[PDB]
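Read through the structure below, which is laid out as structure tokens, and then see the notes.
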Amino acid sequence: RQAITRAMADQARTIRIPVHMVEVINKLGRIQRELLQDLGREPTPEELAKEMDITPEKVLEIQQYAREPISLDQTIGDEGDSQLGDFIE
DNA sequence: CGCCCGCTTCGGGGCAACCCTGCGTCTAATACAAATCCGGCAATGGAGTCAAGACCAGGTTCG
């Protein structure tokens with residue numbers, strides 16, 4: 001389980017993210033899931049920073065780092081002839 | 001007169017090329033070492049700056 005989790009931390013993302021940032025991102029996701037099931041709504045980021053013993057700007061930095069990239073090979077418009085990369089100035 | 005045996009003819013199978021009847025959350029850390037950022041003095045040394053101050057040369061004024 002150690003080697004499988006380490007390989008999932010290494011190779012499962014497009015841009016590479018180190019192990020401790022992956023750990024705190026998964027911690028943030030688990031705590032947000034628990035607070036969503038408990039409170040019933042989406043938690044405030046200051047409440048998340050209160051829960052995770054860190055600062056809300058660090059919470060915002062982690063939420064910025066967690067954003068996976070989107071692909072350029074889908075169809076934006078109704079017709080499939082228009083790919084996504086043909087509307088980027 | 002009947003009989004084998006490959007040659008051609010069609011069937012069926014098999015396969016290659018395109019769409020949606022397609023389109024999940026997961027142990028959890030510690031310990032340590034190396035690399036790197038960065039913050040703050042601590043030597044500068046060269047490059048810019050102010051000011052004096054001298055250098056005549058030819059208009060300009062005066063004799």
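We label chains A, B, ... in the order they appear in the structure tokens, count residues from 1 in each chain, and number ligands from 1 in the order shown.
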Within 12 Å of chain A, which residues of chain B are there when counting only C-alpha atoms (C1' of nucleotides)? Please give them as a PyMOL selection string.
-> chain B and resi 25-29
Contacts of region 64-67 of chain A within 10 Å, only C-alpha atoms (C1' of nucleotides), excl. fewer than 2 positions in-chain, as a ChimeraX atom specification = /A:17,21-22,25-26,28-29,58-62,69-70
Could you jot down the CA of residue 45 (chain A) to CA of residue 57 (chain A) separation for me, Å, one decimal place?
->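 Interatomic distance, CA of residue 45 (chain A) to CA of residue 57 (chain A): 8.8 Å.
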CA of residue 32 (chain A) to CA of residue 55 (chain A): how many Å, to one decimal?
->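 Computed distance, CA of residue 32 (chain A) to CA of residue 55 (chain A), equals 15.3 Å.
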Write down as a ChimeraX atom specification the residues of chain A whose backbone DSSP state falls under alpha helix (DSSP H).
-> /A:2-11,19-39,45-51,56-65
Near residue 75 (chain A), within 12 Å and counting only C-alpha atoms (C1' of nucleotides), which residues show up once chain neighbours fewer than 4 positions away are dropped, as a PyMOL selection string?
-> chain A and resi 71+79-87
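Excluding residue 35 (chain A) itself and any same-chain residue fewer than 3 positions from it, the protein and nucleic acid residues within 12 Å of it, counting only C-alpha atoms (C1' of nucleotides), are residues 28, 29, 30, 31, 32, 38, 39, 40, 41, 42, 43, 44, 45, 47, 48, 51 and 52 of chain A.
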Could you state the separation of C1' of residue 34 (chain B) and CA of residue 11 (chain A) in Å, given to one decimal place?
->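 Between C1' of residue 34 (chain B) and CA of residue 11 (chain A) the gap works out to 23.1 Å.
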